[PDB]
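A.B. asks: Sending over a structure as structure tokens; questions will come in a sec.
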Amino acid sequence: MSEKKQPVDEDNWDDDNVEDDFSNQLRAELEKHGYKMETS
Amino acid sequence: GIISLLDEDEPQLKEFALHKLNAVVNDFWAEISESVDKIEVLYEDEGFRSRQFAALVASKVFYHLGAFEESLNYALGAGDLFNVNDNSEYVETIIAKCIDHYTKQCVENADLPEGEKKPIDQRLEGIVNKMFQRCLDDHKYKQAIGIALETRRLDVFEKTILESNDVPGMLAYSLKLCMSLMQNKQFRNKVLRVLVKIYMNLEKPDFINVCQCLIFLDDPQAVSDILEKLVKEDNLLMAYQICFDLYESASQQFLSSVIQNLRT
Amino acid sequence: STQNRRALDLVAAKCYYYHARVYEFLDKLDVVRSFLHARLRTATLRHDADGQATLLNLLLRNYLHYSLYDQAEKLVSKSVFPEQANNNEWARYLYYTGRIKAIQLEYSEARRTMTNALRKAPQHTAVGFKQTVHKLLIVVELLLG
Amino acid sequence: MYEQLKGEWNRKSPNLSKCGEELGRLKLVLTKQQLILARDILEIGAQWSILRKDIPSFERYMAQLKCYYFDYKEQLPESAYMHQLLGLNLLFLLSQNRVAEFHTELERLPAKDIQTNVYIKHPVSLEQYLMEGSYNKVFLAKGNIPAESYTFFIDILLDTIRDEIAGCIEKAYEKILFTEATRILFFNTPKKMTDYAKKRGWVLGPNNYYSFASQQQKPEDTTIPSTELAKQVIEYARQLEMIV
Amino acid sequence: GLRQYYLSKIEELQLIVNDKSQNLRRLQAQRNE
Amino acid sequence: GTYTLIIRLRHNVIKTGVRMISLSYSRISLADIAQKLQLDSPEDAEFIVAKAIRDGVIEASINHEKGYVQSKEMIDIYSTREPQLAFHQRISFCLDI
């Protein structure tokens with residue numbers, strides 16, 4: 001049985017790629033604080 | 001690869017390209033199979049030298065590609081380039097294909113050879129004859145006899161009847177094969193006549209087999225003549241035994257027809 | 001093969017595989033490739049099963065080591081689908097075909113073949129193999145998008 | 001040692017009596033010195049064939065040079081003109097609108113696509129620009145080649161690119177100014193715009209052009225399905241109620 | 001030389017018969033049931 | 001051993017950017033297209049958009065004299081034939097298994 005192929009070399013809620021897309025730093029500070037500084 | 005060198009107009013370059021192809025075909029057959037049209041066009045020129053070599057190279061390429069009919073046809077076109085028939089395994093495969101093609105061609109016209117049958121290639125007949133002679137020289141009489149029996153050819157089978165094997169044993173084997181293995185009656189009658197000729201030519205006239213031959217094919221006149229000759233030989237025992245054996249295995253019409261042929 | 005190959009065909013395939021492994025380890029594969037091509041040519045005439053797959057896979061791997069065309073031979077052989085591979089040579093054949101198709105400016109066809117390759121792999125303890133094939137699968141699927 | 005080529009090697013042969021010299025060298029070719037000299041002669045012939053526009057001769061010479069350069073035996077490691085011939089062959093096969101073998105021939109080069117050999121960086125960058133719609137860089141780099149003339153293939157690429165841009169502009173536009181075509185297509189005002197529009201018919205003048213598209217042929221007809229869908233349902237029924 | 005011819009012809013026929021002998025049994029079982 | 005098959009992918013990035021910005025917007029200036037794709041040149045933006053339109057990637061049209069791109073909106077895919085095929089495939093599969 002088997003070959004070992006020598007000659008070559010829910011657990012997470014729900015899996016969607018949107019969750020990992022995020023690169024910002026928390027809406028509280030990166031966005032709301034960042035643009036809620038009175039630039040206007 | 002080097003096949004592009006065939007584009008030149010120098011005949012010496014063409015010969016060198018043909019030699020290189022014949023030397024390197026065995027390792028790059030797949031890449032050269034797709035470009036056989038140029039080789040065929042070069043070999044098709046009657047005035048072009050070494051046309052037979054190019055035809056043989058094309059036959060080898062086709063055989064290595066896996067096609068039998070095209071390779072066989074090209075090899076037959078080559079002619080003397082396939083003289084060797086003992087060493088090359090490709091030669092053995094080509095010989096098998098040629099034997100099958102010859103048998104099929106003979107079987108196609110086997111129903112009526114004179115019915116405007118197409119001209120069979122003489123090269124195939126010569127190759128088959130050479131193979132038969134090679135088999136006969138190897139003392140393989142039974143295999144040759146069987147091959148000739150099913151080849152719709154009688155001369156090859158007749159020439160192999162008289163060999164190192166005993167005439168009685170070979171005759172018995174041929175009779176058993178004809179009476180048990182053969183199906184068509186048209187060929188059965190011819191085979192029976194061919195074995196009756198050898199039976200009559202035997203040193204000891206055996207009417208015991210003449211009776212069987214005349215019962216397989218209804219020839220009452222021949223049976224009556226054989227009985228009359230046996231009686232004329234002053235051998236009453238043999239004639240009586242032949243009559244007793246023939247009566248128990250014949251038909252009433254056969255006896256009625258032989259009575260008139262013998263007594264009158 | 002009265003009894004020569006009928007019992008040693010698997011043994012012959014294993015011997016060829018071991019010789020190829022030794023050559024890849026500490027020798028050259030040019031002579032091994034020529035010998036394998038000759039042996040395969042000798043086969044595929046007496047019989048066309050259990051011998052026309054491992055040799056073809058070894059030849060494809062040898063050509064894959066170099067940078068040859070690797071597609072003219074595969075597209076002419078009719079024994080690539082022996083229909084009896086015991087789910088062993090099919091994975092390697094599909095991986096090679098998918099790699100060639102992806103390297104040959106074709107992406108639509110190779111997806112089915114490489115998915116079959118990944119899904120035909122041994123389920124338990126196959127480590128190095130599903131790594132490269134799945135990596136190539138995600139790369140080419142990104143190529144599709 | 002049976003060279004017979006040291007006479008007019010450095011001197012140019014502008015289509016002079018030199019074909020006989022090539023034939024004699026080929027006959028003489030018919031101990032790696034005899035191969036090194038033959039390879040050098042073949043490379044010189046391939047380089048000289050570009051100036052003569054001999055497509056079959058160029059193809060044969062390129063094949064011979066590639067075969068000589070692909071040998072793994074202990075020979076000369078590299079030459080000063082091999083990369084130029086490889087780039088010229090790549091440009092030739094790109095000019096023929098052939099892309100499969102184009103991509104198969106790059107993988108023979110291990111990693112020199114971006115490391116060095118700008119002779120390969122220029123054609124691969126040209127291909128990358130050509131694959132998508134970016135066209136300004138193509139004609140900008142067409143006046144910037146560090147390798148050699150390469151003018152035998154850039155003109156063919158220019159003709160093909162201009163034709164395909166003309167083909168593309170025909171779609172998705174119902175109005176355009178006359179001078180805008182002169183700006184987009186690099187012939188400025190050579191009178192070639194009116195003859196070019198004669199080639200690609202167009203319709204109206206008044207410094208304007210127009211096009212018409214329908215595209216309603218596929219919709220609004222249910223008769224075309226009526227037979228293939230009947231065949232499909234018949235197939236469902238056939239493979240649904242047969243004993244296997 | 002004819003012996004190799006005969007054996008090469010015999011082998012494939014034997015393989016074909018061996019292949020068909022299984023479908024025969026399947027059909028017989030269904031009919032019996 | 002996948003570098004040769006990994007450098008030919010930027011075109012797909014441009015394609016997906018064009019498709020996304022066509023889905024999101026309906027009437028957009030080309031300068032914003034160039035800025036949001038950072039193609040470093042607005043002149044190549046019109047060529048890229050045209051090339052995308054020609055192969056059927058998007059169904060928009062651009063006005064050279066004005067500059068903006070007017071996307072074409074047409075939605076009603078349930079009346080289209082294609083769901084029939086999208087079901088035929090799976091039906092045949094389930095009939096074979």
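A.B. asks: Give me the distance in nm between label points sitting 7 Å out from Cα along the Cα-to-Cβ direction at D:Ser211 and D:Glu3, one decimal.
C.D. replies: Spacing of the two 7 Å Cα→Cβ label points: 6.1 nm.
A.B. asks: What's the angle, to the nearest 10 degrees (0 to 90), between helix B:51-65's Cα axis and the longest principal axis of chain B?
C.D. replies: With rounding to tens, the tilt is 80 degrees.
A.B. asks: Restricting to DSSP H runs of at least four residues, report the calculated mean residue ellipticity at 222 nm for chain B, -39500 (n - 2.57) per run over all residues, nearest 500 deg cm²/dmol. Please list the in-between numbers first.
C.D. replies: Numbers: 15 runs with 180 residues, N = 264.
For chain B, the value works out to -21000 deg cm²/dmol.
A.B. asks: Would you kindly derive the ³J(HN,Hα) couplings of region D:68-78 from the backbone phi angles with the Karplus curve 6.51 cos²θ - 1.76 cosθ + 1.60 (θ = phi - 60°), listing them in order in whole Hz, with x for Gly and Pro?
C.D. replies: Karplus-based 3J(HN,Hα) across region D:68-78 equals 5, 6, 7, 5, 9, 6, 6, 10, 4, x, 6 Hz.
A.B. asks: Right, next: If you line up the long axis of helix B:252-263 against the longest principal axis of chain B, both from Cα atoms, how many degrees apart are they, to the nearest 10?
C.D. replies: Once rounded, the angle reads 70 degrees.
A.B. asks: How shielded is D:168-177 by partner chains, expressed as the average number of their Cβ atoms within 10 Å of its Cβ atoms? The partial results should precede the final answer.
C.D. replies: Numbers: counts 6, 3, 1, 4, 10, 6, 2, 4, 3, 2.
Average per residue, whole number: 4.
A.B. asks: Let me ask you something else. Sort out for me the Cα centre separation of chain A from region B:3-64, rounded to whole Å.
C.D. replies: Taking the Cα centre of region B:3-64 as reference, the centre of chain A is 63 Å away.
A.B. asks: Out of region F:1-76, which chymotrypsin sites (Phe, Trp or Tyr not before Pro) are coil in DSSP terms and have no more than 12 other C-beta atoms within 10 Å? Walk me through the intermediate numbers first.
C.D. replies: Values: sites: F:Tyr3, F:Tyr25, F:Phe47, F:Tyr68; in loops: F:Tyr3, F:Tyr25, F:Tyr68.
The qualifying sites are F:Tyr3.
A.B. asks: Arrange the following residues from fewest to most other Cβ atoms within 10 Å of their Cβ: C:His37, B:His139. Write out the running numbers ahead of the final one.
C.D. replies: Values: C:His37 18, B:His139 11.
Result, fewest neighbours first: B:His139, C:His37.
A.B. asks: Which of the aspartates and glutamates could a cross-linker bridge to B:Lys142, judged by Cα under 12 Å and excluding same-chain residues fewer than eight apart?
C.D. replies: B:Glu163, B:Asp166
A.B. asks: Let me ask something else about it. What are the extents of the Cα atoms of region B:120-264 along their three principal axes, in Å, largest first?
C.D. replies: On the principal axes, region B:120-264 reaches 55, 29, 23 Å in Cα extent.
A.B. asks: Kindly put C:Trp90, A:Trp13 in sequence by how many other C-beta atoms sit within 10 Å of each C-beta, fewest to most. Numbers along the way, then the final one.
C.D. replies: Numbers: C:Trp90 20, A:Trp13 7.
Ranked by crowding around the Cβ, least crowded first: A:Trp13, C:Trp90.
A.B. asks: Equivalent-ellipsoid semi-axes (√(5λ), Cα gyration tensor) for region C:1-142, whole Å, largest first?
C.D. replies: Working: eigenvalues 137, 57, 50 Å².
Largest first, region C:1-142 gives 26, 17, 16 Å.
A.B. asks: When D:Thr222, B:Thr93 are ordered from fewest to most other Cβ atoms inside 10 Å of their Cβ, what list results? Could the numbers behind the result be given before it?
C.D. replies: On the way: D:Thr222 9, B:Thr93 17.
The order, fewest Cβ neighbours first, is D:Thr222, B:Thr93.
A.B. asks: Right, here's the next one. Considering every residue in D:107-117, what mean count of other chain Cβ atoms within 10 Å of its Cβ is obtained?
C.D. replies: Details: counts 5, 3, 2, 3, 2, 0, 3, 2, 0, 0, 0.
Per-residue shielding by partner chains comes out at 2.
A.B. asks: Taking 56 Å as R0, compute the FRET efficiency from the Cβ-Cβ separation of D:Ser125 and D:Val244 and round it to 0.05. Provide the component values of the computation, followed by the final result.
C.D. replies: Details: r = 58 Å, r/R0 = 1.04.
Approximately 0.45, to the nearest 0.05.
A.B. asks: Now a separate question. Rounded to the nearest 0.05, what FRET efficiency do B:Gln122 and B:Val84 give with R0 = 22 Å and r taken as the Cβ-Cβ distance? Could you check? Write out the running numbers ahead of the final one.
C.D. replies: Numbers: r = 20 Å, r/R0 = 0.89.
Efficiency, rounded to the nearest 0.05: 0.65.
A.B. asks: Within a Cβ distance under 11 Å of B:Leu72, other residues only, what is the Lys/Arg minus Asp/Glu net charge? Could the numbers behind the result be given before it?
C.D. replies: Values: positive: B:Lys97, B:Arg123; negative: B:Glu69, B:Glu70, B:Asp100, B:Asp121.
Taking every Cβ under 11 Å from that of B:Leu72, the sum is -2.
A.B. asks: Next question, about the same structure. To the nearest 500 deg cm²/dmol, what mean residue ellipticity at 222 nm is calculated for chain D from DSSP H runs of n ≥ 4 alone, each contributing -39,500 (n - 2.57), summed and divided by the residues? Write down the numbers at each step before the final one.
C.D. replies: Working: 11 runs with 135 residues, N = 244.
Taking each H run of at least 4 residues, the total per residue is -17500 deg cm²/dmol.
A.B. asks: Would you please give the residues with an amide H less than 5 Å from that of D:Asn208, counting only those at least 5 places away or on a separate chain, with H modeled from the backbone geometry?
C.D. replies: D:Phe178
A.B. asks: Here's a follow-up. Would you please give the residues with an amide H less than 5 Å from that of F:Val69, counting only those at least 5 places away or on a separate chain, with H modeled from the backbone geometry?
C.D. replies: Result for F:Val69 returns F:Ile28, F:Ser29, F:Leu30.
A.B. asks: Summarise the partner chain shielding of D:131-144 as one whole number: the mean count of Cβ atoms from other chains within 10 Å of each residue's Cβ.
C.D. replies: Details: counts 4, 10, 15, 10, 6, 4, 3, 0, 0, 0, 0, 0, 0, 0.
Mean partner-chain Cβ count within 10 Å for D:131-144: 4.
A.B. asks: Which ³J(HN,Hα) values in Hz, rounded to whole numbers, follow from the phi angles of region B:158-163 under the Karplus curve 6.51 cos²θ - 1.76 cosθ + 1.60, where θ = phi - 60° and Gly and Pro get x?
C.D. replies: Computed from phi, the couplings for region B:158-163 are 5, 5, 8, 5, 8, 8 Hz.
A.B. asks: Right, something else. Skipping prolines and chain starts, which residues have an amide H placed within reach, meaning under 5 Å, of the one on F:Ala60, given they are 5 or more residues away or on another chain?
C.D. replies: It is F:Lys72, by chain and number.
A.B. asks: Still on this structure: Could you list the residues of region C:54-86 with an amide nitrogen less than 18 Å from a label point located 7 Å from the Cα of C:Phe35 in the Cα-to-C-beta direction?
C.D. replies: Only C:54-63 fall inside the zone, counting backbone N under 18 Å.
A.B. asks: Next question. Taking Rh as the Kirkwood radius computed over C-alpha pairs, what is the Stokes-Einstein D of region D:1-239 at 4 °C in a medium of viscosity 1.567 mPa s, expressed in µm² per second?
C.D. replies: Details: Rh = 22.8 Å.
Estimated diffusion coefficient is 57 µm²/s.
A.B. asks: If R₀ is 35 angstrom, what is the calculated FRET efficiency for the pair D:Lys218 and F:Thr16, using the beta carbon separation as r and rounding to 0.05? Please list the in-between numbers first.
C.D. replies: On the way: r = 27 Å, r/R0 = 0.76.
About 0.85, to the nearest 0.05.
A.B. asks: Could you work out how far the C-alpha centroid of region D:5-37 sits from that of region E:2-33, in angstrom?
C.D. replies: Answer, in whole Å: 66.
A.B. asks: Regarding chain B, what is the average projected area of its C-alpha convex hull, in nm²? Can you show the working numbers first?
C.D. replies: Numbers: hull surface 75.9 nm².
If you wrap the Cα atoms of chain B in a convex hull and average its projections, you get 19.0 nm².
A.B. asks: Now for a different question. Can you list the HN-Hα couplings for region B:99-113, worked out from phi with the Karplus curve (6.51, -1.76, 1.60; θ = phi - 60°), rounded to whole Hz and with x for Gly and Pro?
C.D. replies: Values, residue by residue: 4, 5, 5, 5, 4, 5, 5, 5, 5, 4, 8, 5, 5, 8, x Hz.
A.B. asks: Follow-up question, since we're still on this one. For C:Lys28, list the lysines whose Cα falls under 25 Å from its own Cα; do not include residues on the same chain fewer than 8 positions away.
C.D. replies: Leaving aside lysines fewer than 8 places away in the same chain, those within reach of C:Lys28 are A:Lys4, A:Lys5, B:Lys20, C:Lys14, C:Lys74, D:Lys32, D:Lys66, D:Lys73.
A.B. asks: How far, in degrees from 0 to 90, does helix C:89-103 lean away from the longest principal axis of the Cα atoms of chain C, to the nearest 10?
C.D. replies: 50 degrees
A.B. asks: Give the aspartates and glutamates whose C-alpha is closer than 16 Å to that of D:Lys191, dropping any in the same chain fewer than 8 places away, or say none.
C.D. replies: Here the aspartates and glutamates satisfying the reach criterion relative to D:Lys191 are D:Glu180.
No Cβ is skipped: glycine too gets one built from the backbone with ideal geometry, and neighbour counts run over all protein chains shown. Read the figures in this text as sums done on the coordinates, not as results from a lab.
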